[PDB]
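Structure first, then comments.
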Amino acid sequence: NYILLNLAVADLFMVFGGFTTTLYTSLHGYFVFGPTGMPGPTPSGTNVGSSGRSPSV
Amino acid sequence: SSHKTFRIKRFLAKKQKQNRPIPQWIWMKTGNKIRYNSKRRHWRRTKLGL
Amino acid sequence: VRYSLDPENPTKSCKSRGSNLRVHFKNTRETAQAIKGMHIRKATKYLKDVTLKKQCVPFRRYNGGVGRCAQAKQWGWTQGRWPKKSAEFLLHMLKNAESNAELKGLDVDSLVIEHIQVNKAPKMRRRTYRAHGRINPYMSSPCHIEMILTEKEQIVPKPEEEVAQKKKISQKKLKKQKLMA
Amino acid sequence: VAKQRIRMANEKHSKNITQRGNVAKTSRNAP
Amino acid sequence: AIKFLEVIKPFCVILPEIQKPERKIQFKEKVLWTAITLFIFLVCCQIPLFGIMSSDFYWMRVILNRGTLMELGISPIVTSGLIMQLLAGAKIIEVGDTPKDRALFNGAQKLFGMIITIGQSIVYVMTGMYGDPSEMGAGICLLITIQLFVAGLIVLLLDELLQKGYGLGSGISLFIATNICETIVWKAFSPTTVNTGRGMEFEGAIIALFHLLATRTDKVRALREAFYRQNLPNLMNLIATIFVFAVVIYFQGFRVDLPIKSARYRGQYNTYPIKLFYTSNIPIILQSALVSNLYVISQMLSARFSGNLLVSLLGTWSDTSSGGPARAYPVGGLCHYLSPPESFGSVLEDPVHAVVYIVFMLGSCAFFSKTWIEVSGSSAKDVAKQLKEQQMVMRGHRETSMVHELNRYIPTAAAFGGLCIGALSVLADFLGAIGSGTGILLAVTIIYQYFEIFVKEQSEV
RNA sequence: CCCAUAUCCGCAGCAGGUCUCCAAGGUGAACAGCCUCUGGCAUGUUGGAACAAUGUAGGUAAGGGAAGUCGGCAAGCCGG
RNA sequence: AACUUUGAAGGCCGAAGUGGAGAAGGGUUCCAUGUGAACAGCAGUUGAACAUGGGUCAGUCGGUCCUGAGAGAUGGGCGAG
Ligand SMILES: [Mg+2]
Ligand SMILES: [Mg+2]
Ligand SMILES: [Mg+2]
Ligand SMILES: [Mg+2]
Ligand SMILES: [Mg+2]
Ligand SMILES: [Mg+2]
Ligand SMILES: [Mg+2]
Ligand SMILES: [Mg+2]
Ligand SMILES: [Mg+2]
Ligand SMILES: [Mg+2]
Ligand SMILES: [Mg+2]
Ligand SMILES: [Mg+2]
Ligand SMILES: [Mg+2]
Ligand SMILES: [Mg+2]
Ligand SMILES: [Mg+2]
Ligand SMILES: [Mg+2]
Ligand SMILES: [Mg+2]
Ligand SMILES: [Mg+2]
Ligand SMILES: [Mg+2]
Ligand SMILES: [Mg+2]
């Protein structure tokens with residue numbers, strides 16, 4: 001496959017090289033965005049559990 | 001659980017589809033105010049209750 | 001973008017700033033006060049010693065609890081520390097200011113840190129879990145940093161072993177460049 | 001497959017200590 | 001790699017380049033530069049080269065466009081690029097993957113044509129295709145090499161100008177087509193006069209028709225001669241060219257559209273088209289260069305071992321010298337079977353010989369296409385890597401199954417594209433169409449490209 | 001798919017709670033404790049350098065042996 | 001790059017396990033690829049995070065059926081309802 005190709009390359013020179021074609025490409029791209037966000041609950045409190053009960057009757 | 005009812009499995013699926021970010025073209029609408037899906041859910045942070 | 005001070009001779013100056021940097025504000029305020037007034041080469045060498053614990057930053061104002069070290073005696077102080085993140089953040093900013101001097105065609109080897117300022121940025125909210133079913137704030141304390149570098153008459157070249165290092169290529173930088181190109 | 005190959009490759013890999021930064025990605029150069 | 005990328009280094013630092021446009025240039029500004037650019041090239045296509053008198057012959061240079069500043073044509077640039085991607089695609093040449101090394105790589109591919117420009121010129125000067133260097137000397141050779149250097153040098157910048165958004169598309173494609181379109185219209189409206197034993201008459205098929213229809217008493221004879229000249233353009237050769245044009249237009253649009261999307265962003269649906277002519281015109285081009293030299297090679301071979309039945313059975317050769325110039329035709333054997341008919345009746349005379357050629361010509365291009373893809377770097381794996389590099393992916397697929405889905409079509413679109421490429425090229429060669437089936441495809445393709453850009457601009461132009 | 005020192009409930013990747021099945025070799029009365037194979041893990045939401053006081057958890061103490069203290073609390077003796 | 005991965009050591013859980021599977025509960029946390037902005041009380045090239053796409057296939061495994069403790073219509077009774 002590589003041998004046969006090289007022989008083609010050699011023959012392209014001289015008279016018959018004047019006949020040729022064009023190459024090819026396919027690249028492409030698009031737009032970019034970057035927002036974010038994620039919720040959760042709201043905290044609580046006021047459990048009321050003190051312990052230092054010393055009755056000084 | 002694995003043992004599921006049809007009604008529960010269906011209710012879960014609707015919760016699955018709602019849980020996605022907004023289309024980015026929504027930002028380019030004329031009077032648009034929304035910046036992100038503010039109704040997102042996480043399976044750990046907040047629970048469905050059913 | 002307004003700096004707190006106007007340069008004395010704007011054509012002979014280069015600017016640099018950053019906002020919302022996640023480096024402790026109290027540590028960075030002390031680190032900036034150490035290099036203020038330094039020649040750029042001297043300042044760069046000093047913050048590379050703070051990284052390696054060969055020169056301390058004196059903690060003068062925000063010094064509650066800070067320990068004593070032998071290197072603090074250089075600054076006429078007893079309390080010093082070696083903030084690595086603040087030292088590295090300020091080096092990156094010096095590099096940027098140095099580049100801005102080059103773009104303006106200034107003599108980079110004559111630059112002096114004329115003005116440098118650390119400001120608190122809006123705090124970031126995390127939390128920590130306390131006893132008896134309580135939750136408390138866990139605030140990061142970021143900062144805005146702005147510096148102005150000016151040409152003076154004392155010239156100090158770059159160290160020889162420093163300019164001898166390879167221009168490290170970034171594979172990940174290339175990958176993004178391919179996507180756009 | 002011969003089980004002594006495990007030892008041979010382990011010791012060969014332990015020889016990379018001297019050639020840090022130029023380790024050959026594949027020793028089986030053929031293919 | 002090491003002694004090729006760095007050898008370019010010293011020279012690309014001094015060679016010039018075209019500047020990036022600051023902003024996106026206006027279309028009506030693009031059109032202005034394009035029309036200017038095309039006009040200059042066209043002017044080069046006619047100016048005769050300076051100091052060429054001995055041989056190509058001078059009278060033809062008056063007729064001709066051989067001998068113009070485009071004498072070496074855009075061929076060096078096209079051959080320069082193909083040889084690069086050919087070696088680069090095969091991994092034989094290693095291309096620096098960075099944009100800066102890519103920007104140099106462009107200069108390297110530019111450098112080849114500049115090399116090929118001098119190399120191709122030297123071949124034509126020494127052999128006498130302009131004349132002996134003794135007759136011309138250094139000075140005349142100096143100017144001719146310089147001029148042949150500047151024209152390709154100009155041609156290079158002008159294409160690079162269009163390539164970089166100062167115009168539309170690329171110059172080289174624009175240039176080759178304009179030649180093709182001009183040849184077709186010229187051969188229909190050429191006011192050239194041909195001096196015959198029947199008298200003096202015009203060449204252009206459309207021009208020749210009305211000139212003959214009045215100049216001949218036998219108006220049926222005009223119906224015959226006007227459309228059936230066997231040494232001059234005919235309205236048929238126009239009709240043959242027009243008929244092919246439509247069919248290529250039909251098969252130009254053939255393509256298998258694969259769905260793909262960005263692996264980094266929702267929606268954003270797009271598609272990767274596997275074009276049926278997947279291998280462009282390269283397969284048959286390589287095939288033709290093979291056949292032509294096989295005729296030359298056999299000629300020299302068969303003059304030394306003609307007495308050996310194997311060399312004769314390989315391919316025989318004679319010298320047709322009756323009247324016209326000595327032209328080398330094959331007499332029999334393989335090369336005889338590898339030749340196309342020159343007359344319609346000849347196909348009828350030998351039915352087997354024609355089918356043997358066609359199977360060769362369909363099989364060769366088809367086989368060329370199939371083998372070309374792997375080397376050219378357009379096989380599925382290479383395509384998949386480009387898509388991976390661009391962060392694209394087929395929805396629902398892993399990156400590996402893309403190769404499985406691409407191999408559904410690419411290997412087959414290779415062969416059938418080549419077989420279709422040849423088959424339509426047989427019609428182009430058989431029915432006397434102008435420019436060969438390669439040329440019409442080139443023309444239709446390019447005009448199609450500018451059209452689809454043109455309509456997009458018309459949306460707001 | 002998780003099924004729990006991170007997919008469940010305790011505001012959390014919380015030393016808590018939360019129903020089950022299978023179940024190797026040695027010592028040994030033993031599904032005890034100790035070591036190990038199959039399987040698994042990376043020390044439990046960080047690291048480095050020191051080895052002050054005071055701690056928390058482990059130890060050892062001459063001679064005496066509850067004289068300590070509200071009280072032998074604690075530890076200790078015993079142990080198959 | 002102290003923390004990711006592979007290799008080699010040294011260790012631990014020690015078949016009432018830090019192993020292999022389920023019920024209840026969760027509800028996509030599962031799998032592949034990508035990011036390393038916010039989160040993962042240091043970091044991270046990593047993650048149960050975020051982003052883009054996938055994945056649960058039955059006459060025979062369960063439900064489906066039976067009735068258990070019980071719940072509950074009609075007839076009837078009561079009841080302003
Ligand atoms: Mg929970
Ligand atoms: Mg204090
Ligand atoms: Mg303290
Ligand atoms: Mg709690
Ligand atoms: Mg420990
Ligand atoms: Mg650890
Ligand atoms: Mg834990
Ligand atoms: Mg802990
Ligand atoms: Mg004692
Ligand atoms: Mg004693
Ligand atoms: Mg007493
Ligand atoms: Mg007492
Ligand atoms: Mg006791
Ligand atoms: Mg498991
Ligand atoms: Mg388990
Ligand atoms: Mg963290
Ligand atoms: Mg996972
Ligand atoms: Mg079956
Ligand atoms: Mg029932
Ligand atoms: Mg009832």
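Naming scheme: A, B, ... for chains in displayed order of the structure tokens; residues 1 onward per chain; ligands 1 onward as shown.
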
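Among the residues of chain B, backbone DSSP assigns helix (DSSP H, G or I) to residues 6, 7, 8, 9, 10, 11, 12, 13, 14, 15, 16, 17, 18, 24, 25, 26, 27 and 28 of chain B.
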
Dump of N, CA and C atoms for the selected residues, as a PDB file, in the first residue's frame:
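See part_28.pdb below for the written result:
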ATOM      1  N   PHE B   6     -46.577   1.140  40.105  1.00  0.00           N
ATOM      2  CA  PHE B   6     -46.597   1.895  38.861  1.00  0.00           C
ATOM      3  C   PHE B   6     -46.802   3.379  39.131  1.00  0.00           C
ATOM      4  N   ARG B   7     -47.714   3.715  40.041  1.00  0.00           N
ATOM      5  CA  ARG B   7     -47.973   5.119  40.325  1.00  0.00           C
ATOM      6  C   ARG B   7     -46.741   5.793  40.907  1.00  0.00           C
ATOM      7  N   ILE B   8     -46.041   5.115  41.813  1.00  0.00           N
ATOM      8  CA  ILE B   8     -44.843   5.701  42.400  1.00  0.00           C
ATOM      9  C   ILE B   8     -43.740   5.813  41.362  1.00  0.00           C
ATOM     10  N   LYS B   9     -43.516   4.754  40.586  1.00  0.00           N
ATOM     11  CA  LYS B   9     -42.474   4.815  39.571  1.00  0.00           C
ATOM     12  C   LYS B   9     -42.756   5.908  38.557  1.00  0.00           C
ATOM     13  N   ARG B  10     -44.030   6.174  38.273  1.00  0.00           N
ATOM     14  CA  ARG B  10     -44.360   7.231  37.326  1.00  0.00           C
ATOM     15  C   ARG B  10     -44.167   8.608  37.940  1.00  0.00           C
ATOM     16  N   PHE B  11     -44.557   8.782  39.202  1.00  0.00           N
ATOM     17  CA  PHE B  11     -44.331  10.061  39.861  1.00  0.00           C
ATOM     18  C   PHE B  11     -42.844  10.355  39.969  1.00  0.00           C
ATOM     19  N   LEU B  12     -42.037   9.333  40.239  1.00  0.00           N
ATOM     20  CA  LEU B  12     -40.596   9.536  40.301  1.00  0.00           C
ATOM     21  C   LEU B  12     -40.050   9.992  38.958  1.00  0.00           C
ATOM     22  N   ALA B  13     -40.548   9.414  37.865  1.00  0.00           N
ATOM     23  CA  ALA B  13     -40.023   9.752  36.547  1.00  0.00           C
ATOM     24  C   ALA B  13     -40.262  11.216  36.215  1.00  0.00           C
ATOM     25  N   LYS B  14     -41.442  11.739  36.546  1.00  0.00           N
ATOM     26  CA  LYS B  14     -41.705  13.148  36.293  1.00  0.00           C
ATOM     27  C   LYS B  14     -40.754  14.027  37.090  1.00  0.00           C
ATOM     28  N   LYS B  15     -40.422  13.614  38.312  1.00  0.00           N
ATOM     29  CA  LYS B  15     -39.438  14.350  39.092  1.00  0.00           C
ATOM     30  C   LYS B  15     -38.057  14.253  38.467  1.00  0.00           C
ATOM     31  N   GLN B  16     -37.776  13.156  37.765  1.00  0.00           N
ATOM     32  CA  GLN B  16     -36.484  13.008  37.108  1.00  0.00           C
ATOM     33  C   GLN B  16     -36.334  13.995  35.960  1.00  0.00           C
ATOM     34  N   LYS B  17     -37.381  14.163  35.154  1.00  0.00           N
ATOM     35  CA  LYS B  17     -37.281  15.018  33.978  1.00  0.00           C
ATOM     36  C   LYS B  17     -37.282  16.497  34.338  1.00  0.00           C
ATOM     37  N   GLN B  18     -38.025  16.893  35.371  1.00  0.00           N
ATOM     38  CA  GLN B  18     -37.996  18.286  35.798  1.00  0.00           C
ATOM     39  C   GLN B  18     -36.614  18.700  36.276  1.00  0.00           C
ATOM     40  N   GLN B  24     -30.088  27.137  27.175  1.00  0.00           N
ATOM     41  CA  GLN B  24     -29.309  28.368  27.188  1.00  0.00           C
ATOM     42  C   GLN B  24     -29.863  29.423  26.248  1.00  0.00           C
ATOM     43  N   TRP B  25     -30.669  29.037  25.263  1.00  0.00           N
ATOM     44  CA  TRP B  25     -31.268  30.042  24.397  1.00  0.00           C
ATOM     45  C   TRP B  25     -32.366  30.809  25.115  1.00  0.00           C
ATOM     46  N   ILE B  26     -32.948  30.221  26.160  1.00  0.00           N
ATOM     47  CA  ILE B  26     -33.954  30.919  26.952  1.00  0.00           C
ATOM     48  C   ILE B  26     -33.412  32.251  27.439  1.00  0.00           C
ATOM     49  N   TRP B  27     -32.095  32.346  27.616  1.00  0.00           N
ATOM     50  CA  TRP B  27     -31.484  33.589  28.069  1.00  0.00           C
ATOM     51  C   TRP B  27     -31.652  34.708  27.056  1.00  0.00           C
ATOM     52  N   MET B  28     -31.716  34.373  25.776  1.00  0.00           N
ATOM     53  CA  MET B  28     -31.719  35.381  24.729  1.00  0.00           C
ATOM     54  C   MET B  28     -33.116  35.845  24.353  1.00  0.00           C
TER      55      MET B  28
END

Item to check | Residues of chain F within 9 Å of chain C, only C-alpha atoms (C1' of nucleotides) counted, as a count of residues only | outcome: 3

Taking only C-alpha atoms (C1' of nucleotides) and all ligand atoms into account, report as a PDB file with C-alpha atoms (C1' of nucleotides), in the first residue's frame which residues have an atom no farther than 12 Å from an atom of ligand 5.
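Below is the file selection28.pdb, written as the result:
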ATOM      1  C1'   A F  42      -6.180   3.165  53.690  1.00  0.00           C
ATOM      2  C1'   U F  43      -6.743   4.841  59.870  1.00  0.00           C
ATOM      3  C1'   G F  44     -12.123   7.408  59.510  1.00  0.00           C
TER       4        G F  44
ATOM      5  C1'   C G  12      -5.319  -3.581  59.626  1.00  0.00           C
TER       6        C G  12
END

Item to check | Check: which chain B residues lie within 12 Å of chain A using only C-alpha atoms, as a list in words | outcome: residues 19, 20, 21, 22, 23, 24, 25, 26, 27, 28, 34, 35, 36, 37, 38, 39, 40, 41, 42, 43, 44, 45, 46 and 47 of chain B

Next on the checklist: Can you pull out the residues contacting residue 48 (chain G)? Cut-off 8 Å, using only C-alpha atoms (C1' of nucleotides), and skip same-chain residues under 4 positions away; I want them as a PyMOL selection string.
Outcome noted: (chain F and resi 6-7) or (chain G and resi 29)

May I have the selected residues written with N, CA and C atoms (P, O5', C5', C4', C3', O3' and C1' of nucleotides), as a PDB file, in the first residue's frame?
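Final output, saved to selection_8.pdb:
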ATOM      1  P     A F   6     -18.181   6.220  56.531  1.00  0.00           P
ATOM      2  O5'   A F   6     -19.631   6.474  55.944  1.00  0.00           O
ATOM      3  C5'   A F   6     -20.370   7.638  56.281  1.00  0.00           C
ATOM      4  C4'   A F   6     -21.329   8.013  55.180  1.00  0.00           C
ATOM      5  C3'   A F   6     -21.939   6.834  54.430  1.00  0.00           C
ATOM      6  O3'   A F   6     -23.267   7.154  54.036  1.00  0.00           O
ATOM      7  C1'   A F   6     -20.763   8.194  52.914  1.00  0.00           C
ATOM      8  P     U F   7     -24.458   6.112  54.281  1.00  0.00           P
ATOM      9  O5'   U F   7     -25.488   6.460  53.123  1.00  0.00           O
ATOM     10  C5'   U F   7     -25.051   6.553  51.774  1.00  0.00           C
ATOM     11  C4'   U F   7     -26.063   7.248  50.902  1.00  0.00           C
ATOM     12  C3'   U F   7     -27.468   6.670  50.964  1.00  0.00           C
ATOM     13  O3'   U F   7     -28.407   7.700  50.665  1.00  0.00           O
ATOM     14  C1'   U F   7     -26.641   6.429  48.791  1.00  0.00           C
TER      15        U F   7
ATOM     16  P     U G  29     -27.566  10.672  39.406  1.00  0.00           P
ATOM     17  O5'   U G  29     -26.875   9.707  40.460  1.00  0.00           O
ATOM     18  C5'   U G  29     -25.879  10.200  41.333  1.00  0.00           C
ATOM     19  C4'   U G  29     -25.790   9.399  42.605  1.00  0.00           C
ATOM     20  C3'   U G  29     -25.405   7.939  42.479  1.00  0.00           C
ATOM     21  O3'   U G  29     -24.020   7.750  42.270  1.00  0.00           O
ATOM     22  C1'   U G  29     -27.144   8.201  44.074  1.00  0.00           C
TER      23        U G  29
END

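Comparing the minimum interatomic distances between ligand 16 and each of G:34, G:11, G:77, G:44, counting only C-alpha atoms (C1' of nucleotides) and all ligand atoms, we find that G:44 sits nearest.
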
Item to check | Exercise: region 176-179 of chain E partners within 8 Å, only C-alpha atoms (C1' of nucleotides), chain neighbours under 2 positions left out, as a ChimeraX atom specification | outcome: /E:74,172-174,181-183,442-443,446

Those same residues - N, CA and C atoms - I'd like them written as an mmCIF file, in the first residue's frame.
data_model
loop_
_atom_site.group_PDB
_atom_site.id
_atom_site.type_symbol
_atom_site.label_atom_id
_atom_site.label_comp_id
_atom_site.auth_asym_id
_atom_site.auth_seq_id
_atom_site.Cartn_x
_atom_site.Cartn_y
_atom_site.Cartn_z
ATOM 1 N N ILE E 74 -1.057 26.770 -10.941
ATOM 2 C CA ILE E 74 -1.221 26.503 -9.514
ATOM 3 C C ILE E 74 -0.744 25.117 -9.124
ATOM 4 N N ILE E 172 -7.151 29.013 -4.739
ATOM 5 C CA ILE E 172 -6.766 27.910 -5.616
ATOM 6 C C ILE E 172 -8.003 27.258 -6.216
ATOM 7 N N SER E 173 -8.991 26.954 -5.375
ATOM 8 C CA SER E 173 -10.231 26.379 -5.881
ATOM 9 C C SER E 173 -10.918 27.342 -6.839
ATOM 10 N N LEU E 174 -10.996 28.616 -6.463
ATOM 11 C CA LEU E 174 -11.558 29.614 -7.362
ATOM 12 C C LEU E 174 -10.812 29.622 -8.689
ATOM 13 N N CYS E 181 -14.403 26.873 -16.303
ATOM 14 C CA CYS E 181 -15.553 27.571 -16.865
ATOM 15 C C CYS E 181 -15.171 28.328 -18.130
ATOM 16 N N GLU E 182 -13.998 28.964 -18.126
ATOM 17 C CA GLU E 182 -13.551 29.718 -19.293
ATOM 18 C C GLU E 182 -13.341 28.799 -20.486
ATOM 19 N N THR E 183 -12.682 27.662 -20.268
ATOM 20 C CA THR E 183 -12.444 26.720 -21.354
ATOM 21 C C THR E 183 -13.750 26.317 -22.025
ATOM 22 N N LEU E 442 -15.005 19.211 -10.086
ATOM 23 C CA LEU E 442 -14.307 20.341 -9.491
ATOM 24 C C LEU E 442 -15.106 21.622 -9.685
ATOM 25 N N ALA E 443 -15.567 21.862 -10.912
ATOM 26 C CA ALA E 443 -16.304 23.086 -11.203
ATOM 27 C C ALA E 443 -17.601 23.146 -10.409
ATOM 28 N N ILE E 446 -17.067 23.680 -6.563
ATOM 29 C CA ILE E 446 -16.631 25.008 -6.143
ATOM 30 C C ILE E 446 -17.779 26.001 -6.249
#

Per-residue nearest contacts of chain G to chain B (9 Å; only C-alpha atoms (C1' of nucleotides)) as a Markdown table:
| residue | atom | partner | partner_atom | distance |
| --- | --- | --- | --- | --- |
| G:24 | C1' | B:1 | CA | 8.0 |
| G:25 | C1' | B:1 | CA | 7.1 |
| G:26 | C1' | B:1 | CA | 7.3 |
| G:27 | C1' | B:12 | CA | 6.9 |
| G:28 | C1' | B:16 | CA | 8.1 |
| G:29 | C1' | B:43 | CA | 7.0 |
| G:48 | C1' | B:44 | CA | 8.9 |
| G:62 | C1' | B:3 | CA | 8.8 |
| G:63 | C1' | B:3 | CA | 8.9 |

Could the residues in this selection be written to a file with C-alpha atoms (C1' of nucleotides), as a PDB file, in the first residue's frame?
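Final output, saved to part.pdb:
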ATOM      1  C1'   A G  24     -37.785  -1.134  54.715  1.00  0.00           C
ATOM      2  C1'   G G  25     -36.235   3.620  53.132  1.00  0.00           C
ATOM      3  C1'   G G  26     -33.731   6.551  49.068  1.00  0.00           C
ATOM      4  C1'   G G  27     -34.985   7.566  43.832  1.00  0.00           C
ATOM      5  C1'   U G  28     -30.825   7.733  39.434  1.00  0.00           C
ATOM      6  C1'   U G  29     -27.144   8.201  44.074  1.00  0.00           C
ATOM      7  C1'   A G  48     -22.380   9.702  45.875  1.00  0.00           C
ATOM      8  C1'   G G  62     -42.288 -11.607  43.303  1.00  0.00           C
ATOM      9  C1'   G G  63     -47.008  -8.788  42.904  1.00  0.00           C
TER      10        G G  63
END

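The environment of residue 6 (chain A) within 12 Å, counting only C-alpha atoms (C1' of nucleotides) and disregarding residues fewer than 6 places along the same chain, consists of residues 12 and 13 of chain A; 83, 86, 87, 90, 286, 289, 290, 372 and 375 of chain E.
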